[PDB]
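# model this:
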Amino acid sequence: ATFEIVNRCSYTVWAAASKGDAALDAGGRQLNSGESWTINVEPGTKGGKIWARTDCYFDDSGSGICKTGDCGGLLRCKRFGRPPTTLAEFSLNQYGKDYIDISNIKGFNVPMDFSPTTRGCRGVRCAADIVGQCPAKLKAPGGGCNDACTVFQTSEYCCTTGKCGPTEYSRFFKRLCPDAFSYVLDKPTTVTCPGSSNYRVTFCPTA
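Numbering: from 1, shown residues only. Below you will find the coordinate block:
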């Protein structure tokens, strides 16, 4: 399948694409403002993620640091990144359908549109100034708006017992992006698409 990753923000990002224990495609790439990067994701891949990283440095050998979303110091992510990261999430071809979501469960760093480029299903978006508004205790230094489970480390915010409610903090994310997951047991805003669809991720879509 095809992922076209478009940076419509006015600042450079370092896109990432991982499933958790391996890169997707090249696993990451600088995208200056306006630049695009199309990747190939192997059919059926379950649980993949695409995110932006901000304020990075990488050396010649690709190793470095980013202030949001860092995946173990690699330009080319083979693992997931450090919150706060807005997440595009997907599992493809799982019995005749792909399922797409955007998640604020690890926080938010960059607004995002995640729309199918082939018919049948509707995209999802979170474009609101979450970082401009973000509650003080959830602010990150380094940039972005952390989730409560990162900042506090409780069973209720992390949903560790499998029983958790919405919180004042989950609801701050759901007031501003009702189509994105705001905590682990949120009512699903998943989208079911035909198997083997293609997609576009766009950062700073309003921009």
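
# got the phi/psi numbers for the most far-flung residue of the chain relative to its centre?
Note on the chain: the largest C-alpha distance from the chain mean falls to residue 60, namely 26.3 Å (Cα atoms, centre = their mean). Geometry field for residue 60 lists phi and psi as phi -50, psi -40, criterion degrees, to the nearest 10.

# Begin at 556 from now on, thanks
From this message on, residue numbering opens at 556, which makes the last subject residue 615.

# Can you tell me how far it is from residue 683?
As judged by Cβ to Cβ, to the nearest Å, residue 615 and residue 683 stand 38 Å apart. For every residue, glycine as well, the C-beta is placed using N, CA and C.

# Likewise for residue 654?
When residue 654 is compared with residue 683 (using Cβ to Cβ), they lie 23 Å apart.

# Helices along the protein, start to end?
When secondary structure is read from DSSP state H, the chain shows helices at 685-688, 703-707, 710-713, 723-729.

# what comes into contact with the longest one?
Okay, so that is helix 723-729. Taking contacts as Cβ atoms under 8 Å, 6 or more residues apart in numbering, the residues outside helix 723-729 that touch it are 659, 663, 685, 688-690, 693, 702-703, 712, 721, 735, 737-738, 741.

# Any idea which residue is closest to the centre of the chain?
To find the centre residue of the chain, average its C-alpha atoms and take the closest one (Cα atoms, centre = their mean): that gives residue 642, at 1.3 Å.

# That one reaches residue 661, doesn't it?
Yes - shown here, residue 642 and residue 661 form a contact pair, counting by Cβ atoms under 8 Å, at 6.2 Å.

# For residue 761, the count of nearby residues, please.
Summarising burial for residue 761: neighbours were counted as other Cβ atoms under 10 Å, giving 11.

# Please tell me how far it sits from residue 728.
Residue 761 sits 18 Å away from residue 728, going by Cβ to Cβ.

# go on, residue 627?
Distance from residue 627 to residue 728, by Cβ to Cβ: 26 Å.

# Between those two, tell me which one has more neighbours.
Neighbours of residue 627 and residue 728, each counted by other Cβ under 10 Å, are more numerous for residue 728; the result is 30 against 11.

# re earlier: including distance to residue 570, could the helices of the chain go into TSV?
Below are the helices of the chain laid out as TSV (distance: least, Cβ to Cβ, whole Å):
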stretch	distance to residue 570
helix 685-688	18
helix 703-707	21
helix 710-713	27
helix 723-729	22
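
# how many other residues sit next to the nearest residue to residue 686 once chain neighbours are set aside?
Setting aside the residues directly before and after it, residue 686 is nearest to residue 700 in space (Cβ to Cβ, 6 or more residues apart in numbering), at 5.1 Å. Using other Cβ under 10 Å, residue 700 has 25 other residues around it.

# Over to residue 580?
So residue 580, with other Cβ under 10 Å, has 16 neighbours.

# isn't it right up against residue 596?
Yes - in terms of Cβ under 8 Å, residue 580 counts as a neighbour of residue 596; the distance is 6.9 Å.

# list the residues that contact both of these two?
Common contact partners of residue 580 and residue 596 (Cβ under 8 Å, 6+ apart): 558, 572.
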